[PDB]
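Peer 1: Dropping the structure in here first, questions after.
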Number of protein chains: 2
Amino acid sequence: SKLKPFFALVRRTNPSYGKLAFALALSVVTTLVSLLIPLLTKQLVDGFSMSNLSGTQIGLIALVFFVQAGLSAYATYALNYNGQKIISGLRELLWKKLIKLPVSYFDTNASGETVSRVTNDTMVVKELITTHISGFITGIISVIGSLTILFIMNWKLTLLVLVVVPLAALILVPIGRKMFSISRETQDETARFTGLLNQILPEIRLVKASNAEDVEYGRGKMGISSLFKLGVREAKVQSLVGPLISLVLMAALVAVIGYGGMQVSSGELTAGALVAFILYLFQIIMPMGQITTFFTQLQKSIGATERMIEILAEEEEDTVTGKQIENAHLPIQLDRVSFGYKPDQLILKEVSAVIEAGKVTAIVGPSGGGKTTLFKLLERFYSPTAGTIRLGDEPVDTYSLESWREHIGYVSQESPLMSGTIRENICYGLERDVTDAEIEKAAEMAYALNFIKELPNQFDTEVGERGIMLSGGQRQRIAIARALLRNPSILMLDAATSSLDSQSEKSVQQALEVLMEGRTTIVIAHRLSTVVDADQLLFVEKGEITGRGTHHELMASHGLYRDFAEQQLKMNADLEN
Amino acid sequence: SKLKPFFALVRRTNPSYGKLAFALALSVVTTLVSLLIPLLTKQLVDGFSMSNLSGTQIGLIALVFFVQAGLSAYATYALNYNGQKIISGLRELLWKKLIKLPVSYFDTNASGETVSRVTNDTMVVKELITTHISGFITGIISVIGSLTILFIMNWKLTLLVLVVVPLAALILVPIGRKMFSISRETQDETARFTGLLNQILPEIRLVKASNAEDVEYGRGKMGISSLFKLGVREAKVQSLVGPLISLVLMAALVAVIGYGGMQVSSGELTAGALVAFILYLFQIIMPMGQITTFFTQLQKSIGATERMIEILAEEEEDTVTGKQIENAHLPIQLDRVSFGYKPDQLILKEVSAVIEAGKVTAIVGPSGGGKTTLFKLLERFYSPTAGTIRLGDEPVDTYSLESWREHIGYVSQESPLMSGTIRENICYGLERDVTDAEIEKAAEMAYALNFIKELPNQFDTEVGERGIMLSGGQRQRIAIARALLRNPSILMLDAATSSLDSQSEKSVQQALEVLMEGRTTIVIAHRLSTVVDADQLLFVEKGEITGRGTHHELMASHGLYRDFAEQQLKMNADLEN
Ligand SMILES: Nc1ncnc2c1ncn2[C@@H]1O[C@H](COP(=O)(O)OP(=O)(O)OP(=O)(O)O)[C@@H](O)[C@H]1O
Ligand SMILES: Nc1ncnc2c1ncn2[C@@H]1O[C@H](COP(=O)(O)OP(=O)(O)OP(=O)(O)O)[C@@H](O)[C@H]1O
Ligand SMILES: [Mg+2]
Ligand SMILES: [Mg+2]
């Protein structure tokens, strides 16, 4: 039951059949030439004298050789290119899947492993396709051709060796099971290794800042050592392919000599036929080696891509309903909305609010309270478990994700960046020609423009891995520029003013309230000093909205967490005193 | 000049010589058996009649076969295990290097690539060792054994084919150069793909939050397509290995027929010796194929590890001077310190300050001013370009890095986390048995303990990749717990209170000023409300300290950036009004 989804996976890409069947045909004609060679070996001794009397024909013979291996070389190319159209289809398929799974999969299942599947797993299926398909084709044809060659010289010994071949099959099966259960462990471990490694190495400042060079070389050596045990053990099982095959030859030989019991009784005359039989039975053993090597390699390749054949079945969702937002100037209403990441624990607990269109509503609350996960709810990364989100009595599930996510800008709490230019990280994802009057206006609105032009100017500047070649404030101002560039109807600032200074905070706040007066902005302030002019506040604590309304009536009406503002009062009051 | 550092790299690990030389010896005795076989093929025809008259000996013959291939199977194991002791030495060497380079290398050279320099390249080194080295050993002997076999039957034709072999060498050399310049491009490109890809995939919230599924699918496809250009082109060059070899056989054949000009003139009698000569010259062509396949594979493997043989030469530095810090309760003095990342641009510009031992000095300044890079200077991640840092008239370069970094707890601006338990990220790097009453004290001092125990309790909790299964405040409180756990003499808080709420800020500030009264804490506050009680302020702007001293005398004495405090006054003053 393992062979059918794997060959459906190979069928799912587009293999070069016009080269693959050509190389198959060349191997067929080559093996038929080698099968005809023991009929021409008796004619060589007079063909040599014919060539010496005739003269030039040996050059034609060289031309035949200059065809044959040369044509056989094309067979190798027509396999190898075909190999590099299967695996470079597989990544071209698998990487089309992986950036379309919903982000619940990437919360569950560590991305630093699932890079390994696109780039390590697909390259283990090279061996089965590049060489062993050749092996099984040539070998399968030879064993049937030499089998009918043994059949025309004897009937019942041919039936006997035909009985011996499924004994080789039934002794080959448990080696195939062991090869499967080793190759799956190998291509699961290599992934945890390209993950205990590429999770460590971006944090080299934390390895060096603690004293953990010796401890982390340790996790690494445990991994190199597990790949060495799960790969020397495969080699051990590979070493049982060699002698066991000889065992069945041993069986067949004793099966012959036992049949040669009544066979010598009828055939002390016909000993030379038995000599020719055991000679061809000595010839048969190398295509059987090719067949069993193909079967071990096929079990290894199925074991590698077993973890990958289920990545291609996980329900991407991107634009199925197609309905456009079409004005997206509506108030966003919540029903009784509840949501948890793990389905046992609820992190939003029957929340309900109304974000009114064209005013600033600010989510204020203590840490761990449910703010960023409410904003992940408000983008439908995640669907709620309870009742849903509407836009003017119309539920959000009817709109397409593509047309609705094109209207919402988001500065998340990490302010993420990717390697490339500053122009690339501002431009990111847009289909327009962003030009450079638009970027200048955007990065001037995010207070970025006065500090990029001291650096070498927006296209030479590379921000490195993870945005490490910029500061902790500069990368947040670039994330604000990314949100402000595409001119959203709804802006969402998951603490966008966290790691800025006070003067840059005032600048970005002035420019953002200038730009976004007529649209809906939802900000999160950890500290209440920047959202006193907000038109609505929502106090979110432990997944429950405990306060709602204008800041003045909320700080008059709320209980204990009025002090959560008042301490901030005291936190500046000493700076008065 | 390429072969010597590669074989010094293989010599630099510890290959299993006691198995490698054993497999070499088994291949030697097997090839000598195959060389003796054309002397025993005339004795088979009477050995068959001796076996029929004697009877049991064929079973002994089977035992010989049950030795030989079985022994040959051990040869395969003694190669393959040896292969998995070279490459699992290489990672065990290379990963010992990579976490010991200074972080200037990881600012220059993009760690996502360097992961596949330890995973996607040592495995390419694999084939040269596992199968092909056998080719050069079996072939190099068969060709010399069959060469002396041709030499005992003729002198000058043997000299002639001995002349033809360096023609094959000089036509093999440019194929080797092309294979080198293709394999280096392959194992440089696969690195940008394991890199581009594993820089994209942690930021799946940014890919989904923008609409960049189509655009980032279009970048991965350019990568799968360039790995297909370095792969359907290498295969093209390996398809030139096949026919070109036949060309030199063509040469040798015509060379024999060239000497056949005076050879048939003296040797129309001795045509049968020429038949045996051309027969063995037909036999010679497959070990030449083994030799040329080994040479192409060796050029490919050198091309892969050329980018890796220079990773092992980059000057790690960790504990060379050995002088342990003693009091560490000394005031940290600066000389004229200047530093820039790129050596043309200066980011610290002749800074000078005195961090006095046992008081709180706070670095306050505008963004991009040089604070976090001053703290990277104050850990000597980076040595300064100008004069250095001292500890009571004694320069910091005399102390060992290991004993001095064990006395400084640094919370970074990103608050980095790694996958594992919350206990693992708090414990990180320590050599003690930590003790749960100590982790409880630490995470209670960082205001973490009241929010971990709502989650499943400090060992079941996994924080996922990059700390994504915790919040933006919880992961910063865990980073503060990591700094507070190992009880440093100097604490360094690169904006440790950034993404917290106000009440948790007050709690962590109260507990930290309770714990660290007698030691040196250096904090960075983007907002001045938390460092008004600091014993010293340093205003850092554009890499120059422009203000220095107590907050009151600084805000009285400084010029324009007194307003940088005063706006914060106004930023709370409206919250009064
Ligand atoms: N996969 C996940 N991603 C994010 N949060 C998760 C996940 N699984 C569980 N959580 C829980 O969700 C909460 C974090 O989301 P939340 O919205 O509370 O952050 P937040 O309120 O923005 O925090 P802060 O305001 O301090 O940044 C935590 O209680 C955490 O335990
Ligand atoms: N490899 C690098 N790593 C960090 N900073 C770099 C690097 N190369 C250059 N820089 C420059 O260093 C400065 C960032 O360090 P700096 O100490 O100023 O950050 P910061 O003052 O902490 O910023 P903020 O206070 O806003 O977080 C920027 O001007 C940046 O251009
Ligand atoms: Mg910084
Ligand atoms: Mg958050």
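Here chain A follows Swiss-Prot, giving residues 10-586 in order.
Backbone N, Cα and C define each Cβ position, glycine as well.
Under the heading domain 'ABC transmembrane type-1', Swiss-Prot lists A:29-309. Annotated transmembrane segment per Swiss-Prot: A:29-49, A:67-87, A:142-162, A:164-184, A:249-269, A:278-298, in sequence order. The ATP binding site annotation in Swiss-Prot covers A:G374, A:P375, A:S376, A:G377, A:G378, A:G379, A:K380, A:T381 and rests on a curator's inference.
Provide an account of the burial state, proximal residues and distances for the features listed.
Peer 2: Proximity of distant same-chain residues to the transmembrane segment (A:29-49), defined by a Cβ-Cβ separation under 8 Å and at least 6 residues beyond the stretch ends, is recorded for 77, 80-81, 83-85, 87-88, 91, 143, 146-147, 150-151, 154-155, 158.
Using a Cβ-Cβ cut-off under 8 Å and counting only residues 6 or more beyond its ends in the same chain, the transmembrane segment (A:67-87) has close neighbours at 25, 28-29, 31-32, 35-36, 39, 42, 60, 143.
Long-range contacts of the transmembrane segment (A:142-162) within the same chain: residues 32-33, 36-37, 39-41, 43-44, 84-85, 88, 170-171, 282, 285-286, 289-290, 292-293, 296-300, 302-303, each at least 6 residues beyond the stretch ends and with a Cβ under 8 Å from a Cβ of the stretch.
Distant neighbours of the transmembrane segment (A:164-184): 156, 246, 249-250, 253-254, 256-257, 260-261, 264-265, 268, 272, 286, 290, 293, 297, 301, 304-305; these residues of the same chain sit at least 6 beyond its ends, with a Cβ under 8 Å from one of its Cβ atoms.
Nonlocal intrachain contacts for the transmembrane segment (A:278-298), taken as residues 6+ away from its ends with a CB within less than 8 angstroms of a stretch CB, comprise 147-149, 151-152, 155-156, 158-159, 162-163, 166, 170, 177, 254-255, 258, 261-262, 265, 269, 272.
Counting every protein chain shown, the Cβ of A:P375 (ATP binding site) has 21 other Cβ atoms within 10 Å. Taken residue by residue with DSSP, A:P375 (ATP binding site) is part of neither helix nor strand, so it is coil.
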Peer 1: What three-state secondary structure does DSSP assign to A:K380 (ATP binding site)?
Peer 2: coil
Peer 1: Excluding near sequence neighbours, so keeping only residues 6 or more apart in the same chain, what lies with its CB under 8 A of A:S376 (ATP binding site)?
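Peer 2: Expected: A:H535.
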Peer 1: Looking at the binding-site residues A:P375, A:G377, A:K380, A:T381, which have a C-beta within less than 6 Å of some atom in ligand 1?
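Peer 2: Among A:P375, A:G377, A:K380, A:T381, near ligand 1: A:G377, A:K380, A:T381.
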Peer 1: Cβ neighbours within 10 Å, counted over all protein chains: which one of the binding-site residues A:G377, A:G379 has the most?
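Peer 2: Of the binding-site residues A:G377, A:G379, the highest Cβ count within 10 Å belongs to A:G379.
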Peer 1: Looking at the binding-site residues A:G374, A:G378, which one has the fewest other Cβ atoms within 10 Å of its own Cβ?
Peer 2: A:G378
Peer 1: Counting across all protein chains shown, how many other Cβ atoms sit within 10 Å of the Cβ of A:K380 (ATP binding site)?
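Peer 2: I get 25 for this one.
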Peer 1: Where the criterion is a Cβ under 6 Å from an atom of ligand 4, which of the binding-site residues A:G374, A:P375, A:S376, A:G377, A:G378, A:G379 meet it?
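Peer 2: Among A:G374, A:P375, A:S376, A:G377, A:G378, A:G379, near ligand 4: none.
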